[PDB]
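# Structural overview for review
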Amino acid sequence: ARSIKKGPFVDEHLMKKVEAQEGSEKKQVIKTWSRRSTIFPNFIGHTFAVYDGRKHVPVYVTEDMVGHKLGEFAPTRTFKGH
Amino acid sequence: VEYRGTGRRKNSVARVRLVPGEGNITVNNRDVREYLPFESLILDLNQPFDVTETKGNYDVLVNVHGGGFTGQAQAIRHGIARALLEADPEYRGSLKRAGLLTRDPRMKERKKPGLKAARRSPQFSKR
Amino acid sequence: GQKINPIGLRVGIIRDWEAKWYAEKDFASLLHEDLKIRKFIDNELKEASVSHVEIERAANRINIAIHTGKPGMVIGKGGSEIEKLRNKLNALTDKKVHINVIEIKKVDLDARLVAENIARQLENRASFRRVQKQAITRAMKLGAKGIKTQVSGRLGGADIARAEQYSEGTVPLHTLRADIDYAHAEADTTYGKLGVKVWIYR
Amino acid sequence: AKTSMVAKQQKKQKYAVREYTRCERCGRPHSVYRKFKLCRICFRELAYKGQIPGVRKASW
Amino acid sequence: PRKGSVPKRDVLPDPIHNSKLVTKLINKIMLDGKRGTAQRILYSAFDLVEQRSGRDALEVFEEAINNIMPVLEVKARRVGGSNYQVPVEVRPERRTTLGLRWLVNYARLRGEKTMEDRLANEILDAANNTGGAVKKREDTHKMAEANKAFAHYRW
Amino acid sequence: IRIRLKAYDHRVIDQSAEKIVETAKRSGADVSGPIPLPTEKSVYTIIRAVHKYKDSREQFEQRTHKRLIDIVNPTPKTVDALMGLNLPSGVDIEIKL
Amino acid sequence: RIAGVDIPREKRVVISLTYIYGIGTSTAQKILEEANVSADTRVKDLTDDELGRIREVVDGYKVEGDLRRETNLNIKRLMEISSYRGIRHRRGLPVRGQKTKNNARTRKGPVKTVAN
RNA sequence: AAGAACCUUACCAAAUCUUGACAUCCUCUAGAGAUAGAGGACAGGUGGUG
RNA sequence: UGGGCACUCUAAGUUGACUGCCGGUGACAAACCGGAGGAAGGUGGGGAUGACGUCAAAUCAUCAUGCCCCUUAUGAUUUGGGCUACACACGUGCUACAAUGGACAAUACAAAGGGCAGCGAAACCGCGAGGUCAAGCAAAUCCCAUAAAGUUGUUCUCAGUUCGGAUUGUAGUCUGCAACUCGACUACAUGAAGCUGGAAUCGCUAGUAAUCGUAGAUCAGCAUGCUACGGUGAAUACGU
């Protein structure tokens, strides 16, 4: 995954709508389609409505989640047993 | 006084140069017992040296390339017989009796399509 | 799947290639230029009895040798018609000034011409048996060692596909030292497509 | 569907990992060779007539 | 098979002991085309049985082979609900094939540490009329002894 | 001086092996014999069927035959007669020079 | 015995020391470079002064307990934040992304068959 | 199918369009991105019936 | 390496294997058995080559096509997801359950291919994937590239083990806008089932069965699949 020279990956438009509102106090429910963006340290206290394919499941970002892409936190398939 | 007798086995070609002298067998400028891993190859190599009595009487300067070691050993053996006639052409009366002047055509098989690799077939079940 | 294609089997052995040029690189574009020319020739020279089209290439120049059973129809009244063919091809990519017309004297001895002649009559509500027998009769009258003809699919407008095959003389399709001209044509009728195959051996 | 995916393949995509190869003669997106830009089907038909230079049946 | 007989592939004499029998024993020990090991297995056992018995390595081997080779086999005929076990005397060529096979198989089935010691152990036991190799022929003879009543059903 | 030719057909490369040594000897010049270079066989394996019938493969080849002819004494009448290449539109010519 | 985990005696140091959890063969070979032990002496033929040198090196690495605790909190963290890896941990399924359709037994466990 | 992260994908969920994705004649700015702003007979259909 | 081109290779042409021959069994003749050269003997061995027809076998999703429908949709462009989901059953393979072995070091012997913005040497760094600079080669010239099984020694001493490497944790490499769904790999940690498989079953009479690696097509990346290439390499096949 990536490299050390390339570093972390966040979609070119995604962080723009993160450092857009951080000068304000309230977090938002920004609708998201990029599941491949790394959850950056500046992603803290921010609901990301990530598209699972049909819906925008919201996710409050805690410190531990920094490092994995928000796609890991958006379940795409559904299964209730057999 | 090089008696040039060619010899081919599988994918190997040996340039046998019979020269007079009692000594070892020098495969690619190396002793036969350092070149060939096993002695059984060295026995098959000296088959025409034994069928007609010339054992060790020549220092075979052989330049073999291709194949493994068994293919190279019999390519030398075939080349030796084709070179024993180069020294004395009245030697075939026992070489044909023991089948040493014939190029062995038992070369590998094609990978037959539809069948698993060579002549064998894959697993077969019934639906 | 029973019969190997007669042309493909004998190509290189007794037959020769139509596209005769070398291209270590740019092979894909050069080859597709050949088909682009051939496809344009197919509809432009449709009513002309065109049998083979050879494309040769040398010194950034495309040589086309068109074997036709109706010379003059392609050439024109001295060259006017062939000039339009040359410049229309000329407008495509490079220059291809060389166009050679070769007369096919025995039209009924060419598989592609016989198959096309059969297919056009079949489209005009003709007997699928009379067209085969008459064409076969002409070729054998012309000295051919043997001719084989086959028409397939909804013969006469029926609801079930059939295959009427008639043969005369010797047509050995298993011998390789023999030039058997083979060609397939289609006849689009109201009831569907037809399949014409001809095996003329001389 | 055809005539839209063919034009899309002809159309230059954004990146260098989006383009793919289609048989220019028929439009098949699978098993297309690079030396001829033809699918395994179109290769057979054209090689049988002899319209591909130097290509003949192999019988080794 | 149906059409006549099949010529057999021959072997050359052993490099050391000069015995075609010895080389064919290598052909039985060999698995997956590995001649190297098989050649080492036998010479590490021929030279080993010399230290156990004392006599020549090939001399004990010849004695042992004779005590494994079967004299009377039991081929199967059929009349109906009863299958006729017809005792047939073993032709000389099949005897050596069976004796060599029973030496290897009943050496593999035993075990102390390795294959060389197992082979050497079975070689000495056979010359002493002991071991599985000689117990296989004793059962082969026994079945031929019991079914002498079917002798005249030999096709 | 290294004139080399590549051809798909062995007959036009044998004819190209000749016909230029003869225009080399047309002038006063020594030319090396046609060197038989290893041909390059490209093998293609395709499924005959238009769908699912595998294990039925049609195999095709394409052999590029190669030759090497070396002019040993290049005279002016050879460089002027070097354009007399009778290429049948399918024989690639590579004069290293 | 090293730091509570007894290693098999009558075994070579390089081989016996891998019996400790958290230490493998490549790590074990590292001890014998620092501690001057010939990697061939049996633990039963080992000298007490050699034991001290070995034991000093061992605790430097993440040897026992800590590695067990570390690996668990790593998975526990994956459980808490409900990622793709960690939810599959709950359900006992291959978390890397292997095919669970027909061949997954070291994660599914016993084959509890359903009749047809 | 001799090559499923996008493509391939022909499947699904959103953002969309309707002379059209294609014939044939008549450098910045938002925005997931498409795309947007600024510097008419006809087509098409991996739709059905081997 | 100068020089030769001798040998060998390379690729064009050209000999040879035709029951010519010698017997003997059939002289109803074909034929059949043995023998002689000869490299090859009885269609020398393999490949391509698949008749009439059969199965309304397969393909309207390669393509075309009669008819039937959609035609602000059954058409069309984008992002995301899915095609990889998992109670399980089936077919086809791979890996092992070690001592003819594991490991540890040295030490050999191929074939066939591919390569231009590709193959990418040599050097340097890194445990290693790999990275930095790079010569040469449009290639019998340079690169992939090193075959490995194999040989020689040392170590283990039958143990779920110095067998086995599934599965997890951590830190990384490459490609790609982007490896979470869902890539290949590399290190360190872990260490599953598995002690040679029941009833049944398939393949094969030579360079075959078995065994070891190499190459190519596709291809940014991705094969235990497929197609090809060689190395080692059994044996009874009496008999119907």
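Residues numbered from 1 in each chain as written, not as in the entry; some residues may be left out. Chains lettered and ligands numbered in written order. Part of a larger assembly, values for the part shown. Heavy atoms only, no water.

Structure determination for this entry, per the PDB record, employed cryo-EM and reached 2.58 Å resolution.

### What to know about the side chain of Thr-41 of chain G
Residues and elements named next belong to chain G. With respect to the secondary-structure elements, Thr-41 resides in the loop between α2 (25–34) and α3 (48–58). Among the polar contacts made by the side chain of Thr-41, one reaches the side chain of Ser-38 at a distance of 3.2 Å. Once you skip the residues sitting within four places of it in the chain, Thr-41 turns out to touch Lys-11, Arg-12, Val-13 and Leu-46. (Helix = DSSP H or I, 4+ residues; strand = E, 2+ residues; numbered from the N terminus. Polar contact = N/O pair within 3.5 Å; in protein donor to acceptor, adjacent residues only side chain to side chain. Contact = heavy atoms within 4.5 Å.)

### Regarding the protein's contact with RNA strand I
Taken together, 190 residues lie around RNA strand I, and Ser-3 and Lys-69 of chain A, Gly-68 of chain B, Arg-91 of chain E together with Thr-100 of chain G are the ones closest in. Here, RNA strand I places atoms within 4 Å of the protein, and 76% of those atoms are sugar or phosphate. The leading source of residues in the surface near RNA strand I is strand β2 (residues 35–47) of chain F, at eight residues. Considered class by class, the residues forming the surface near RNA strand I number 57 nonpolar, 55 polar and 78 charged. (Near = heavy atom within 4 Å. Nonpolar A, V, L, I, M, F, W, Y, C, P; charged D, E, K, R; others polar.)

### Structural notes on the arrangement of the chains
The closest approach of any C-alpha atom in chain B to one in chain C is 16 Å; the two make no contact. These two, chain A and chain E, are apart from each other, with no contact and a minimum C-alpha gap of 42 Å.

### Quick look at the sheet that holds strand β3 (residues 26–27) of chain B
All names here are of chain B. With mixed pairing, four strands are arranged side by side in an open sheet as β1-β2-β4-β3. Each of the sheet's edge strands pairs with one partner strand only, and the pair in question is β1 (3–9) and β3. Looking at chain direction, β3 and strand β4 (residues 61–65) are connected through two bridges and run parallel. Bridge pairing links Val-27 to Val-62 in β4. Here helix α4 (residues 70–87) sits on the sheet in contact with β1, β2 (12–18), β3 and β4, set at roughly 145° to β1. (Pairing = 2+ DSSP bridges. Axes fitted to C-alpha atoms, helices over the stretch in contact; angles between N-to-C directions.)

### So, the protein's contact with RNA strand H
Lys-31 of chain A together with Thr-3, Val-17, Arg-28 and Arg-40 of chain D are the nearest of the 27 residues found near RNA strand H. The sugar and phosphate moieties of RNA strand H supply 62% of its atoms located within 4 Å of the protein. One of the side-chain N or O atoms of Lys-8 of chain D is found 3.4 Å from a phosphate oxygen in RNA strand H. With three residues, the single largest contributor to the surface near RNA strand H is helix α1 (residues 5–10) of chain D. Classifying every residue of the surface near RNA strand H gives nine nonpolar, six polar and 12 charged.

### Quick notes on the environment of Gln-134 of chain C
Residue and element names in this part refer to chain C. As for its position among the elements, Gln-134 is in helix α5 (residues 130–141). Classification of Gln-134 by relative accessible area gives partly exposed; the value is 48%. Taking the C-alpha atoms as reference, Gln-134 lies 9.6 Å from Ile-118; in sequence the two are 16 residues apart. (Buried < 20%, exposed > 50% of the residue type's maximum accessible area, 1.4 Å probe, protein only.)

### What to know about helix α3 (residues 80–90) of chain C
Side chains of residues three or four places apart in an α-helix project in the same direction, reflecting 3.6 residues per turn. All names here are of chain C. Residues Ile-82, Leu-85, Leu-89 and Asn-90 constitute the buried set of α3. For α3, the angular spread of the buried residues around the axis is 135°, confining them to a single face. Buried residues in α3 make contact with α2 (27–44), β3 (62–68) and β4 (99–103). (Arc of directions from axis to C-beta.)

### Details of the interface of chain C and chain D
Opposite the 20 residues of chain C that make contact, chain D presents 19 residues. When residues of chain C are sorted by the area they lose upon contact with chain D, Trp-17, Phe-27 and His-32 of chain C head the list and together hold 31% of the total. Counting across the chain C and chain D interface gives zero salt bridges. In this assembly, chain C and chain D are joined by six residue pairs in polar contact. Broken down by secondary-structure element, the contributors of at least two residues to the side of chain C that touches chain D are α1 (6–10) and α2 of chain C. Of all the elements, α2 of chain C adds the most residues to the side of chain C that touches chain D, at six residues. (Buried area = accessible area lost by both parts, 1.4 Å probe. Salt bridge = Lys/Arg side-chain N within 4 Å of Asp/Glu carboxyl O.)

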